[PDB]
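Visitor: Please find one structure pasted underneath; my questions will follow.
All Cβ positions, even for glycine, are placed from backbone atoms using ideal geometry, and neighbour counts span all protein chains on display. No value in this document is a laboratory result; all are computed from the given coordinates.
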Amino acid sequence: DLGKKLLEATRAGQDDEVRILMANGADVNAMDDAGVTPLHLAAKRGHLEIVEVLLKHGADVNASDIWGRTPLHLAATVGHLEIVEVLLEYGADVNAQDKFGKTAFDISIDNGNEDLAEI
Amino acid sequence: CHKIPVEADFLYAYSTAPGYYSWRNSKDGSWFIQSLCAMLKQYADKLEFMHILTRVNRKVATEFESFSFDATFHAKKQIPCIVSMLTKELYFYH
Amino acid sequence: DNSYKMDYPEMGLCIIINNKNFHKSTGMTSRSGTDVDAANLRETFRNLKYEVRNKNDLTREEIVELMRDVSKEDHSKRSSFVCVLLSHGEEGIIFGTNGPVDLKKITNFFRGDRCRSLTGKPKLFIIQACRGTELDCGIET
């Protein structure tokens, strides 16, 4: 199952394994049963270059998990500026809400990422 | 003249307890529907409906656990929720 | 007697509402695997001699209209009624493709005084949908 391997290589930050799996036709929009996508994983774990290669090959920038969290939400939570920048360039929805009614903007306030609050 | 409640003789077989997410798999479908169909196939000729739904509860509660690459969502459990306003036993073979 | 009468000429309708795709405006995700449920349910219930009608991707208005019309059918030759709802949910709520439907609104059509051909007969609603976003962590046993 290429999809599972991809999710795994992405969580692990294995940019080469990610690349090989994709060359082999792995679905960049693979999901576990909770709606967690490679983009969610790469965004949460700070894997900037994996985030970029997923988005280049048609990863859904606005996919949400079962709690309504998008990659933008997750990048916001850990405060990864470059990943946030890349997601926004690919048209991530700044006005998409999670379960707790919280926006990526709203998270930037909560965690006090002064620098995150503008883009 | 004798009456029954307008609300009588309903059964609501929920996949999950109130408040809770209901788990599904992209390939096999939802945990509850999988279990419901399997229990109906095995027991519709053998057991009263409430007893079928109780095996469904046990099957979902014991045979399934969520897998997720995000720990927040991993190793989660589910119990369905039988809500009966039935006034009689229900046997499909009758 | 202790058991519902099940030897009417017909076992009854099994209405399945299978919502897989939701309007972009609602922001709701595609429900992968719901087709596996829908087919499994049709097989299981037709084998029980139910008359299975399967409906795909209904709006909130279409669900209400569907349930109203079904409740106004003649069920006098039918032993029971089954309705399976496969969709997104919240407590007390099932989602049409374009938004929330009150479960109580759906089921009220089949109340003992409003659907008289089903009075005294079992009315079974099978609801595969979320009732919120709580996760059960389980306990070792």
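Visitor: Only loop residues by DSSP count here, and only those with at most 12 other Cβ atoms within 10 Å; note down the trypsin sites (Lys or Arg not before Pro) in the range B:43-79 that meet that. Walk me through the numbers on the way to the answer.
Guide: Numbers: sites: B:46, B:55, B:58, B:59, B:76, B:77; in loops: B:46, B:76.
Counting only loop positions with at most 12 other Cβ atoms within 10 Å, the trypsin sites (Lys or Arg not before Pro) in the range B:43-79 are B:46.
Visitor: Once amide H atoms are placed 1.01 Å from N in the peptide plane, what residues at a sequence separation of 5 or more from residue C:52, or on another chain, have their amide H within under 5 Å of its amide H?
Guide: Amide H neighbours of residue C:52, under 5 Å, 5+ apart: C:14.
Visitor: Oh, and also: Ordered by residue, what ³J(HN,Hα) values in Hz, to whole numbers, does the range A:53-58 give under the Karplus form 6.51 cos²θ - 1.76 cosθ + 1.60, where θ = phi - 60° and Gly and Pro are x?
Guide: Result, ordered by residue: 6, 5, 5, 4, 9, x Hz.
Visitor: Another one. Grab the eigenvalues of the alpha-carbon gyration tensor for chain B, scale each by 5, take roots, and send me the semi-axes largest first in whole angstrom.
Guide: Details: eigenvalues 181, 56, 16 Å².
For chain B, the semi-axes come out at 30, 17, 9 Å.
Visitor: When the helices in chain C are scored as -39500 (n - 2.57) per DSSP H run of 4 or longer and the sum is shared across all residues, what 222 nm value do you end up with, to the nearest 500 deg cm²/dmol? Intermediate values should be presented prior to the final figure.
Guide: Values: 3 runs with 32 residues, N = 141.
Estimated from H runs of four or more residues: -7000 deg cm²/dmol.
Visitor: Output ³J(HN,Hα) for the range C:116-131: one whole-Hz value per residue in order, computed from phi by the Karplus curve 6.51 cos²θ - 1.76 cosθ + 1.60 with θ = phi - 60°, and x for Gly and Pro.
Guide: Coupling constants for the range C:116-131: 6, 6, 10, 4, x, 10, x, 10, 10, 10, 10, 10, 9, 6, 4, 10 Hz.
Visitor: What residues qualify as long-range amide H neighbours of residue B:89, i.e. H under 5 Å apart, gap of 5 or more or another chain, H built at 1.01 Å from N?
Guide: C:3, C:4
Visitor: I want to check a number: in chain B, how many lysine pairs have alpha carbons closer than 27 Å, given a sequence separation of 8 or more or different chains?
Guide: Close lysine pairs found across chain B: 14.
Visitor: Quick one: angle between helix B:49-63 and the longest Cα principal axis of chain B, in degrees between 0 and 90, rounded to 10, please.
Guide: Helix B:49-63 and the main axis of chain B meet at about 10 degrees.
Visitor: Let me confirm one metric for peptide C:24-37, namely the mean number of other chain beta-carbon atoms within 10 Å of its residues' beta-carbons.
Guide: Average neighbour count from other chains, rounded to a whole number: 5.
Visitor: Continuing with the same structure: Can you show me the helix-derived [θ] at 222 nm for chain A, built from DSSP H runs with n ≥ 4 at -39,500 (n - 2.57) apiece and divided by the number of residues, rounded to the nearest 500.
Guide: -14000 deg cm²/dmol, from helical runs alone.
Visitor: Report, as an integer, the average count of C-beta atoms from other chains found within 10 Å of each Cβ along C:41-53.
Guide: 2
Visitor: Same structure again: About the Cα centre of the protein assembly as shown, what is the dipole size in debye to 20, counting +1 per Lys and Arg Cβ and -1 per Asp and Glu Cβ, all else neutral?
Guide: Dipole about the Cα centre, nearest 20: 2060 debye.
Visitor: Mind pulling the per residue volume of the convex hull built on the Cα atoms of chain A? Å³ is fine.
Guide: Here the figure is 79 Å³ per residue.
Visitor: Right, here's the next one. Would you grab the residues whose amide H sits under 5 Å from the one on residue C:83? Only those 5+ places off in sequence or on another chain, please, with H modelled 1.01 Å from N.
Guide: Amide H neighbours of residue C:83, under 5 Å, 5+ apart: C:15, C:124, C:125, C:126.
Visitor: Give me a comma-separated list of calculated 3J(HN,Hα) values for the range B:66-76, in order, Karplus coefficients 6.51, -1.76, 1.60 applied at θ = phi - 60°, integers in Hz, x for any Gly or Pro.
Guide: So the Karplus estimates, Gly and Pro as x, are 5, 10, 8, 6, 10, 4, 3, 10, 8, 6, 7 Hz.
Visitor: How far is the Cα center of the range C:28-45 from the Cα center of the range B:1-78, in Å?
Guide: 14
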